[PDB]
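Structure first, commentary second.
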Amino acid sequence: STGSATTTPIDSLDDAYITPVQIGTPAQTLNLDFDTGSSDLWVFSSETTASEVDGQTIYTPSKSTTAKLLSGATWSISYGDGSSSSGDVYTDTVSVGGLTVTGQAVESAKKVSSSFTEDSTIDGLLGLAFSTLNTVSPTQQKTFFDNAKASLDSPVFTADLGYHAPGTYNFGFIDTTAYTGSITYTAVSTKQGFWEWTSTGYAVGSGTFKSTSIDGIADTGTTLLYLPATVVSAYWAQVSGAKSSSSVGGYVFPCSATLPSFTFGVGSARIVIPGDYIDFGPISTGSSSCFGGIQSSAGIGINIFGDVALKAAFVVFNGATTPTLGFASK
Ligand SMILES: NCc1ccc(C(F)(F)F)cc1
Ligand SMILES: NCc1ccc(C(F)(F)F)cc1
């Protein structure tokens with residue numbers, strides 16, 4: 001079987017993308033953030049502290065005839081940005097784009113951090129990293145993809161994120177009309193639970209390509225591109241007036257500048273990120289300083305190919321027994 005679902009940016013800067021997911025019987029539709037950097041399916045619910053809910057659609061397990069409490073199970077997650085949530089665990093039927101999984105662990109939030117409360121458009125997260133990262137205790141739970149794998153035509157899903165526009169997540173098949181050229185596949189390390197791969201180098205604008213190994217993760221759940229300080233410094237040096245700002249916490253640039261493109265290597269292929277994708281607009285309303293979409297990973301400890309990079313490509317997540325990542329131009 002297969003599934004296909006449209007994913008939509010939550011705001012005009014593409015800060016995150018939401019995809020409708022049907023949970024329970026009869027279906028409750030929630031808009032979830034599909035996150036290849038984590039492995040928990042958690043949702044705002046009827047159990048969430050009322051002061052921590054501000055416009056989100058909630059899952060109500062008591063109204064689902066297929067929901068079962070997973071006795072004694074709990075979960076607690078903290079994200080790399082300092083975000084967190086925690087609560088208890090149901091199992092229920094979950095469908096994405098026509099693809100149905102019965103007995104999926106649905107983690108019900110009792111508590112969420114403030115950054116989730118303030119993001120009224122995101123009802124929860126759907127984790128798509130490897131199940132070794134799932135936080136359910138005492139019994140670890142499988143991801144939606146892991147549960148669906150057996151029944152998929154092909155054990156793959158693909159991410160086709162739009163620039164200021166809707167895109168598509170497909171499960172179980174590769175749409176050969178959605179890209180140009182060939183797909184280049186590259187090896188994945190699962191040893192930390194992430195879709196981790198090694199880029200073969202980079203170029204700034206029309207500069208020479210620099211061959212150099214950049215290890216990092218493919219993460220639909222992270223907005224920006226986080227790369228080593230040496231790389232990020234070479235990019236922003238080409239932008240007149242750009243500088244790293246400690247008060248803002250990253251590189252900013254004059255909003256009147258035009259940004260160079262950024263190229264990253266996948267084996268012998270090249271993915272080009274247009275300079276417009278790297279503009280994240282004014283740091284505050286009315287400011288003439290704009291925030292850059294390429295930032296240093298020095299404080300984070302790992303390099304992250306977030307949405308800025310992934311939306312420039314058609315991306316195959318191949319969950320075969322030897323996993324790989326495919327990139328194509330589009
Ligand atoms: N999108 C999930 C996520 C969040 C943070 C991290 C970090 F910072 F730990 F790498 C990885 C993955
Ligand atoms: N990388 C996972 C993640 C996704 C979204 C958020 C936000 F923006 F909703 F707070 C935080 C962390």
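Indexing begins at 1, ligand by ligand and atom by atom, following the structure's order. Atom set for the values below is all heavy atoms of this structure, side chains included, hydrogens, waters and symmetry mates excluded. Residue numbers start at 1 and run along the sequence shown.
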**Request:** Please say whether the positively charged group of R270, taken as NZ for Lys or CZ for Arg, lies over the ring of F209, i.e. under 6.0 angstrom from the six-membered ring centre and within 45 degrees of the axis.
**Result:** yes

**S38 N/O under 3.5 Å from ligand 1 N/O** = no

**Close-contact set for ligand 1 against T222 heavy atoms, below 4.0 Å** = 1 (N)

**Item:** Under 4.0 Å to a heavy atom of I302 - the qualifying atoms of ligand 1, by number
**Value:** 10 (F)

**Complete:** among protein heavy atoms, the one nearest atom 6 (C) of ligand 2 is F116 CE2, 3.9 Å

**Prompt:** For ligand 2, which atoms, with element, lie under 4.0 Å from some heavy atom of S83?
**Reply:** 10 (F), 11 (C)

**Prompt:** How close does the nearest protein non-hydrogen atom get to atom 2 (C) of ligand 2, and which residue and atom is it?
**Reply:** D35 OD2, 3.5 Å

**Any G37 heavy atom less than 4.0 Å to ligand 2** = no

**Request:** Check the surroundings of atom NZ in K111: do more than 12 heavy atoms from other residues, nucleotides or ligands lie under 6.0 Å from it?
**Result:** no

**Request:** Check whether the side chains of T324 and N318 place a donor and an acceptor atom closer than 3.5 Å, and report yes or no.
**Result:** yes

**Prompt:** ligand 2 and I122, any nitrogen or oxygen pair closer than 3.5 angstrom?
**Reply:** no

**Message:** Counting non-hydrogen protein atoms only, what is the nearest one to atom 3 (C) of ligand 2? Give residue, atom name and distance.
**Reply:** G221 O, 3.8 Å

**Request:** Please say whether the positively charged group of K311, taken as NZ for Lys or CZ for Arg, lies over the ring of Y277, i.e. under 6.0 angstrom from the six-membered ring centre and within 45 degrees of the axis.
**Result:** yes

**Message:** Please report whether the ring centroid of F34 lies less than 6.0 Å from that of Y169.
**Reply:** yes

**Message:** Can you see whether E47 engages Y59 through a side-chain donor-acceptor pair at a distance of less than 3.5 angstrom?
**Reply:** no

**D81, portion touching ligand 2 at heavy-atom distance under 4.0 Å** = side chain

**Asked** Quick one: which ligand 2 atoms are inside 4.0 Å of a heavy atom on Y79?
**Response** 2 (C)

**Prompt:** Which protein heavy atom lies closest to atom 5 (C) of ligand 1, and at what distance to 0.1 Å?
**Reply:** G80 N, 3.3 Å

**Message:** I'd like to know if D92 and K68 make a salt bridge, using a cut-off of under 4.0 Å between side-chain N and carboxylate O.
**Reply:** no

**Message:** Between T60 and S62, do the side chains contain a donor N or O and an acceptor N or O under 3.5 Å apart?
**Reply:** no

**Asked** Would one find more than 12 heavy atoms of other residues, nucleotides or ligands at under 6.0 Å from atom NZ of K210?
**Response** no

**Prompt:** What protein heavy atom is closest to atom 7 (C) of ligand 2, reported as residue, atom name and distance in Å?
**Reply:** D119 OD2, 3.7 Å

**Between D35 and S38: side-chain donor-acceptor atoms closer than 3.5 Å** = yes

**ligand 2-proximal atoms of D33, by part, heavy-atom distance under 4.0 Å** = side chain

**Fill in**
Counting heavy atoms under 4.0 Å, the part of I300 that contacts ligand 1 is side chain

**Request:** Could you tell me whether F145 and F157 have their ring centroids closer than 6.0 angstrom?
**Result:** yes

**Message:** Which option wins on minimum heavy-atom distance to atom 10 (F) of ligand 2: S78, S115, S85, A16?
**Reply:** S115

**Prompt:** Can you check whether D219 has an N/O within less than 3.5 Å of an N/O in ligand 1?
**Reply:** yes

